[PDB]
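Coordinates in review
Here's the letter readout for the chains.
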Amino acid sequence: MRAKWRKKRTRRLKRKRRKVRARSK
Amino acid sequence: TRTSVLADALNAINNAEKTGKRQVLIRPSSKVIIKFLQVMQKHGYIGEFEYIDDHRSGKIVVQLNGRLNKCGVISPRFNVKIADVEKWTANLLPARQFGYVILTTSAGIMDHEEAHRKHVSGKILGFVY
Amino acid sequence: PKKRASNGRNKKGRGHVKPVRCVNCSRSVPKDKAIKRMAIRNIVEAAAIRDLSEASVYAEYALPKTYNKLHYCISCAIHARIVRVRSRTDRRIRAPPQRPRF
Amino acid sequence: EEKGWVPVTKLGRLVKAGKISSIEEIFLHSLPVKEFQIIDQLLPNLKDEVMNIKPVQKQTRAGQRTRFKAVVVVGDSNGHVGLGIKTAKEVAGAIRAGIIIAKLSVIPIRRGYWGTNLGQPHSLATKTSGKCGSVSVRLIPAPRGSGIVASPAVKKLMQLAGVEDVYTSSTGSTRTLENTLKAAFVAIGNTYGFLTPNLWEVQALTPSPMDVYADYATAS
Amino acid sequence: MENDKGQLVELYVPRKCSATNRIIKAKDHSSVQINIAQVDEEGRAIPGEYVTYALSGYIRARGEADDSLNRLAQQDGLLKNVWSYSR
Amino acid sequence: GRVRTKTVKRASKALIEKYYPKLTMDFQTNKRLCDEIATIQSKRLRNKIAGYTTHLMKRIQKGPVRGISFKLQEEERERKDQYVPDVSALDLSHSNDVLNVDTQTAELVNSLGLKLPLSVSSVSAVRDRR
Amino acid sequence: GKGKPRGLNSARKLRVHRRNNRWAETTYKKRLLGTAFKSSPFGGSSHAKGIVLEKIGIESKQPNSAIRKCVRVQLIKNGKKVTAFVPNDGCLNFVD
Amino acid sequence: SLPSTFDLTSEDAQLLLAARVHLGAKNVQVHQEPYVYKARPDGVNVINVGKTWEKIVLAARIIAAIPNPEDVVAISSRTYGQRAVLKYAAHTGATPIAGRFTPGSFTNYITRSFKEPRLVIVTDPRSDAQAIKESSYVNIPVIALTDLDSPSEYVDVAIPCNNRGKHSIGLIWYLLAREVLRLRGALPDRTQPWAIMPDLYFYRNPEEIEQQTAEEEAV
RNA sequence: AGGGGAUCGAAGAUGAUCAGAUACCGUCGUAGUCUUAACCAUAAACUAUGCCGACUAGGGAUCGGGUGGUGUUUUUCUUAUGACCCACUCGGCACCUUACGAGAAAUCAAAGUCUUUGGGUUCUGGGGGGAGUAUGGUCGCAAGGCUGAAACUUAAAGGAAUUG
Ligand SMILES: [Mg+2]
Ligand SMILES: [Mg+2]
Ligand SMILES: [Mg+2]
Ligand SMILES: [Mg+2]
Ligand SMILES: [Mg+2]
Ligand SMILES: [Mg+2]
Ligand SMILES: [Mg+2]
Ligand SMILES: [Mg+2]
Ligand SMILES: [Mg+2]
Ligand SMILES: [Mg+2]
Ligand SMILES: [Mg+2]
Ligand SMILES: [Mg+2]
Ligand SMILES: [Mg+2]
Ligand SMILES: [Mg+2]
Ligand SMILES: [Mg+2]
Ligand SMILES: [Mg+2]
Ligand SMILES: [Zn+2]
């Protein structure tokens, strides 16, 4: 990927992880 | 700013010798620079140099001879015992036949050979050869 | 590797420059790196001056010229032959191409 | 080996005539050399030794051209060195041209004393540096009997030089043998190019050997 | 340089730049050995008699060889008021 | 298509350089000359030599050309070079016996301390658009 | 120049600077963090004893075509399971 | 030193000034030359003719030093002075190179144009830069007829004069010829004007040689 | 959040190409684009060149300032201006040639005065991935920012130029 896209995909994964964490808490 | 006046002086003399000049203008002058110049003059690496008063800070006009190849200041005036001076003269001076580590003792500013003969040692000023 | 010393942009001391739009692909490009051409032409071509001159009530009327500055994007201009690739040693020749009309 | 050697260049004519006695006056006046016969004649004992044969490969659209870089060093082990690098197609011609180039590129060195001069100099007269490419070699004087401390290539070059003892310090990628040899050669040739207080007396500029015997040259 | 006994053990004593007192290397292939023949009283050049100048390759490549040579000639009194020690 | 490749050019140049006085304008004469003063394997090659040498003859009779240098044309050079006007252009003769210069060079002459006829006249400091 | 402090009274900054930049070397970081103890299969140890669990023929890398016969072993010192190679031709059949 | 017979005569200074040697320098000036005298308000630096002539006599001594005349080679690629170079080399035993230099003639020893002269003279450094470089490569002095804008690399004796006017270069070549001939000894003494008059050195362009050919054939 | 609301326009609505096209092209079109307070603190925020000093090489120009010109026009009869021309100087964006030094070079008048290694100083990097990820802090309403690993894996990744 472009490093730009890798960063964006990682950001979306972080967003999903934070949503799951907020649901769990 | 201009931290070490002698560093400026020796940088100027080295640059001009490399360039090929026969005279340099050391812009700010100081007692320590004068003594450095006296040492090099006594040993012959310099020709006839002249001081100029300006009521603010002296200027120096040094007539070289091209015999000099490279001077240089050891800017942090390190402390050298009478034993470590051999290490310093091995590190800086090319060969033990010639070359002088100009250093300041309580007896005055003077090269390493005279300093050894007087059996004194102080802080290192620079190296000339 | 540095393709050009002047970066092919020609600012060197302004941080940022206002951008202007291409006239062919409507690209926003900085005005300095905008490879501009002044297109001074007549309203009629050389093949029509005769008919207009003979179909004119004014005998000595001289037809006026149309003026406009053209700001290209770089890609359109490399495509539209107005700007030409050069050999590496000939890149640095800044002077405009020598006038063929000598 | 038919050393017929029709001499072109004035120096060749002079040395064939015998008016040139030693390479001393050759190096005295920055006298250029273009014929290897001259250096062969003045110093008849140039030991040679090839140092490397590196195959290099250029590529055109059909196959690969394979040439050979021969790197050779020559000397007399008595204060004269010469480096020769040359590319060629066949090996024998490669080493031949390389040794010719080395003989042209011969250089005197300045063997000095580590301290308390006794008998004969063994090491260099001073610390020296030589940088080619990114390889920078430092030649620093050695006490008697310390040996030639260097990589095998530089060690063998110094052996052909004639120095008995010297310490070395290489920096960069000395891996590239050709660059290392060039750097060491430049450093060891620089030994003269350094004003030493024992070499301070102003000389009288003895007349050049070309001028005094210019009549002998220009064969007619 | 000099052996303990007192023999010139150094290989060869090289010349020096007559303008800058800098050493002239063996392969310093830009240096020049300028000769100036002496002249007698009535205006003839004495053969085989000449003053010498050795100009280093470096100064020649710099382009200041003319200035140094002119200065040397005036210091030797071969040129009359051509160089000014004050410029 | 007939371009007379390397060999005929070289041979012709060498022949003219070496044997100028004994080459003529006629083709067949030069053919026989090149036959006698050069060893040529095939007759066609010698014919081409003769042709281009005749071309060189015509060129040299028109005027001296580049590259070629025979001894006789050095005599034409001697004649043209040795010509000289009897009256110098410089020797204070033209422009009504006047050396027309400006003030600074007059000061130069006076400073050198020698007597020269001068005619001082200042030049306007104005610089035109050019 | 040489943008590290150089005055006499700058021993502190140079010392802390070197202590901080020493964390770049992999060997120094491994030594200080004790990675050879906490996480390495061997506790900073050259050898250790273990028990064979089963035998595996691992296929080689790209240019090499062969199977390298290894054995999975559970270490007896801590219990971590790890594969291990067996040298020479007729040796896997020698491993009971 | 040189005796007072080696001073500048009124005749020679008159000849120099008439040739407009003093008007050579252009608007641009390089710090390589202190030969300037004054800056004309029109914008022409004026060359100090005395120092010039002194450079000529120094150069004449330089050439007189070398015993073998063909070891002096006079080079010119500029049209304005190639004829003067030819004539100079004809008068002395120097060897002339006119126009194209055939680069590599000093270094490559196989070349048939190989010349290895102990001295070389160059009409113009800007034009004969290749000659300067190839003289540097094999340790040769160059007595270059510099201008006050000609660059001074590798030139040892720089004779300042005009190089934009053919009169100046022709006359300066003649002066150098006269002085080297006098110092050689064949000429008896340095008081009479030389038998060969200076304008025989000036450049002859094709239209002028055409006019003179017509005049000579007229009789 | 509040005021705007023309153009342009992410999302979308579509009309075509395409094997597929919720992409390139064409029509519309919300948020934004513009503002007022409050946040955010990231960009190839690039000259990919930290700052302050001294020295080293020539060339014109250009901008601002100051000097002189019996300078040129101007015109208010003329001074005085102003605008120009010439020379110099201080400071700035740069540019041109060159290396004598530098670099692995491409190139640099600083990236020089660095093995002949030291003018004063902050901040970074130590093979490539893993990864600017996990975790822990802290800032932020949120997006995210700052700080920031390791296990493991790999023999290269990469720079510059050369020939195809
Ligand atoms: Mg103080
Ligand atoms: Mg690219
Ligand atoms: Mg600014
Ligand atoms: Mg297998
Ligand atoms: Mg709103
Ligand atoms: Mg859409
Ligand atoms: Mg659709
Ligand atoms: Mg719309
Ligand atoms: Mg950032
Ligand atoms: Mg950055
Ligand atoms: Mg910054
Ligand atoms: Mg890593
Ligand atoms: Mg990463
Ligand atoms: Mg956290
Ligand atoms: Mg990259
Ligand atoms: Mg690449
Ligand atoms: Zn466009």
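Residues numbered from 1 in each chain as written, not as in the entry; some residues may be left out. Chains lettered and ligands numbered in written order. Part of a larger assembly, values for the part shown. Heavy atoms only, no water. Residues with missing side-chain atoms left out of burial classes, pairs and counts.

In its metadata, the entry names cryo-EM as the structure determination method and reports 4.00 Å as the resolution.

Examining the overall build of chain B
Helix and strand counts for chain B come out as 4 helices and 6 strands. Going from the N terminus to the C terminus, chain B shows its helices and strands as α-β-α-β-β-α-β-β-α-β. In terms of overall dimensions, chain B is globule-like: its C-alpha atoms have a radius of gyration of 14 Å, near the 14 Å expected for 129 residues. Principal-axis analysis of the C-alpha atoms places the extent of chain B at approximately 40 × 30 × 25 Å. In chain B, 59% of the contacts between residues at least 6 apart in sequence involve partners at least 24 apart. Here chain B displays about 6,800 Å² of accessible surface, and carbon together with sulfur accounts for 49% of that area. (Helix = DSSP H or I, 4+ residues; strand = E, 2+ residues; numbered from the N terminus. Rg over C-alpha atoms; globule rule 2.2 N^0.38 Å. Contact = heavy atoms within 4.5 Å. Areas by Shrake-Rupley, 256 points an atom, 1.4 Å probe, with all protein chains shown as cover.)

Let's talk about the overall build of chain C
Helix and strand content of chain C: 2 helices and 6 strands. Start at the N end of chain C and walk to the C end: the helices and strands fall as β-β-β-β-α-β-β-α. A compact globule built from 102 residues should have a C-alpha radius of gyration of about 13 Å, whereas chain C, at 19 Å, is more than 25% larger. Based on the C-alpha atoms only, the size of chain C along its principal axes is roughly 65 × 35 × 25 Å. Within chain C, contacts between residues separated by at least 24 positions form 55% of all contacts whose residues are at least 6 apart in sequence.

Description of the sheet that holds strand β2 (residues 50-52) of chain B
All names here are of chain B. A sheet is described by the order of its strands in space; here 3 strands give the open sequence β1-β3-β2, paired in antiparallel fashion. This sheet does not close on itself; its edge strands, each paired only once, are β1 (23-26) and β2. Taking each pair of neighbouring strands and ignoring which way they run, the sheet shows an average axis angle of 15°. Direction of pairing for β2 relative to strand β3 (residues 59-63): antiparallel, over a ladder of 3 bridges. Paired with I52 across the strands is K59, a residue of β3. Docked against the sheet, helix α1 (residues 5-19) engages β1 and β3, running at close to 160° with respect to β1. (Pairing = 2+ DSSP bridges. Axes fitted to C-alpha atoms, helices over the stretch in contact; angles between N-to-C directions.)

Observations regarding the sheet that holds strand β6 (residues 123-128) of chain B
Residue and element names in this part refer to chain B. If you walk across this open sheet you meet the 3 strands as β5-β4-β6, and the pairing is antiparallel. Each edge of the sheet is formed by a strand with only one pairing partner; in this case those strands are β5 (108-110) and β6. Ignoring strand direction, the axes of neighbouring strands in this sheet form an average angle of 15°. Bridging between strand β4 (residues 100-105) and β5 involves 3 bridges; their strand directions are antiparallel. When the bridges of β5 are listed, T105 appears paired with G108. Strand contacts of helix α2 (residues 31-43): β4, β5 and β6, with the helix running at about 45° to β6, the strand carrying the most contacts.

Some remarks on the interface of chain E and chain H
With 34 residues of chain E at the contact, the number on the chain H side is 34 residues. Three residues, E:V39, E:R60 and E:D66, lead the burial of chain E against chain H; their summed loss comes to 18% of the area buried on that side. Applying the counting rule to chain E against chain H returns 1 salt bridge. Linking chain E with chain H are 10 residue pairs in polar contact. Contributing elements (two or more residues each) for the side of chain E that touches chain H: β1 (32-39), β2 (45-55), α1 (57-62) and α2 (65-75) of chain E. (Buried area = accessible area lost by both parts, 1.4 Å probe. Salt bridge = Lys/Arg side-chain N within 4 Å of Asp/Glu carboxyl O. Polar contact = N/O pair within 3.5 Å; in protein donor to acceptor, adjacent residues only side chain to side chain.)

Comments concerning the packing of aromatic side chains
One pass over the full model with this rule turns up 15 aromatic pairs over all chains. Judged by centre distance (6.2 Å) and plane angle (75°), the rings of B:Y129 and D:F194 are edge-to-face. Taken together, the positions of B:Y129 in the segment after β6 and D:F194 in the loop between α6 (177-189) and α7 (209-212) put the pair across two chains. On the basis of relative accessible area, B:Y129 is assigned to the buried category, the value being 15%. By relative accessible area, which is 13% here, D:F194 ends up buried. Each ring, one from H:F101 and one from H:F106, has its centre 5.0 Å from the other, and the planes form 75°; the classification is edge-to-face. H:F106 matches H:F101 in its accessibility class, with the two residues each being buried. Across from the ring centre of H:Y201, 3.0 Å away, lies the NZ or CZ of H:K87, which sits over that ring. (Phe/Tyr/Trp six-rings, centres within 6.5 Å; stacked < 30°, edge-to-face > 60°. Buried < 20%, exposed > 50% of the residue type's maximum accessible area, 1.4 Å probe, protein only. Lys NZ or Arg CZ within 6 Å of the ring centre and 35° of its normal.)

What to know about the interface of chain E and chain B
Across the boundary between the two partners, chain E contributes 8 residues, which contact 9 residues of chain B. A combined buried area of about 580 Å² lies between chain E and chain B, and 24% of that area is made up of carbon and sulfur atoms. On inspection of chain E and its partner chain B, the count reaches 0 salt bridges. Applying the counting criterion to the chain E and chain B interface returns 4 residue pairs in polar contact. Split by residue class, the side of chain E that touches chain B holds 3 nonpolar, 2 polar and 3 charged. (Nonpolar A, V, L, I, M, F, W, Y, C, P; charged D, E, K, R; others polar.)

Section: the state of the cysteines
One pass over the structure, following the stated rule, counts 0 disulfides over all chains. Not engaged in a disulfide, the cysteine B:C71 finds its nearest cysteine sulfur in E:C17; these two sulfurs lie 19 Å apart. Here G:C70 stays unpaired: no disulfide links it, and the sulfur of G:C91, its closest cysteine neighbor, is 13 Å away. Overall, the relative accessible area of 10% leaves G:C70 in the buried class. (Disulfide = S-S within 2.5 Å.)

So, the protein's contact with RNA strand I
B:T3, B:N15, B:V73, B:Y129 and D:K131 are the nearest of the 60 residues found near RNA strand I. The sugar-phosphate backbone supplies 78% of the atoms of RNA strand I found within 4 Å of the protein. Contact between RNA strand I and H:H31: a phosphate oxygen at 2.7 Å from a side-chain N or O atom of the residue. Listing elements by their share of the surface near RNA strand I, those giving two or more residues are α1 (3-24) of chain A, α1 of chain B, β1 (47-59) and β7 (128-132) of chain D, α1 of chain E together with α1 (11-21) of chain G. For the surface near RNA strand I, the leading source of residues is α1(A), giving 9 residues. Here the residues of the surface near RNA strand I are counted per class, giving 12 nonpolar, 23 polar and 25 charged. (Near = heavy atom within 4 Å.)

A look at the environment of F:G51
Turning to its location among the elements, F:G51 is positioned in helix α3 (residues 43-62). Through-space distance from the C-alpha of F:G51 to that of F:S111 is 68 Å; in sequence the pair is 60 residues apart.

Quick look at the pairing of β3(B)
Residue and element names in this part refer to chain B. Alternating positions in β3 separate cleanly, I60 and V62 being buried on one face and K59, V61 and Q63 remaining unburied on the opposite face. Summarising the sheet, β1 and β3 pair through 4 bridges and their orientation is antiparallel. When the bridges of β3 are listed, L25 appears paired with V61. Here β2 hands over to β3 after 6 residues, with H55 in that stretch at a positive phi of 65°.

A short note on the nonpolar core
Residues H:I63, H:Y88, H:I121 and H:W173 are the most contacted members of the largest nonpolar core, which totals 77 residues. Residues within four places of H:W173 in sequence aside, it is in contact with H:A74, H:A84, H:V85, H:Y88, H:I121, H:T123 and H:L145. One finds B:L10, B:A16, B:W88 and B:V128 within the second-largest nonpolar core, a separate group that totals 43 residues. (Core = buried A, V, L, I, M, F, W, Y, C linked by side-chain atoms within 4.5 Å.)

As for the packing of helix α1 (residues 6-18) of chain F against α3(F)
Residues and elements named next belong to chain F. Remark: α1 packs on α3, axes separated minimally by 9 Å, with the N-to-C direction vectors making an angle of 55°. Classified by the angle their axes make, α1 and α3 are oblique. The handedness of the crossing between α1 and α3 comes out as right-handed. Within the contact between the two elements, α1 uses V8, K9, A11, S12, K13 and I16 and α3 uses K48, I49, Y52, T53, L56 and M57. When its residues are assigned to classes, the contact of α1 with α3 shows 7 nonpolar, 2 polar and 3 charged. (Parallel < 35°, antiparallel > 145°, perpendicular 65-115°, else oblique. Left-handed = near helix turned anticlockwise from the far one by under 90°.)

Some points on the arrangement of the chains
Ranking by contact count across 7 pairs of chains in contact places chains E and H at the top. Between chain D and chain G there is no contact, and the shortest C-alpha to C-alpha distance separating them is 19 Å.

A look at the domain arrangement of chain B
All names here are of chain B. Under the domain assignment used here, chain B contains domain 1 (1-68) and domain 2 (69-129). In this structure, domain 1 and domain 2 have C-alpha centres spaced 19 Å apart. Interface area for domain 1 against domain 2, summed over the two sides, is near 1,400 Å², with a carbon-plus-sulfur share of 70%. At the boundary of domain 1 and domain 2, one finds 0 salt bridges. (Domains from an automatic or database assignment.)

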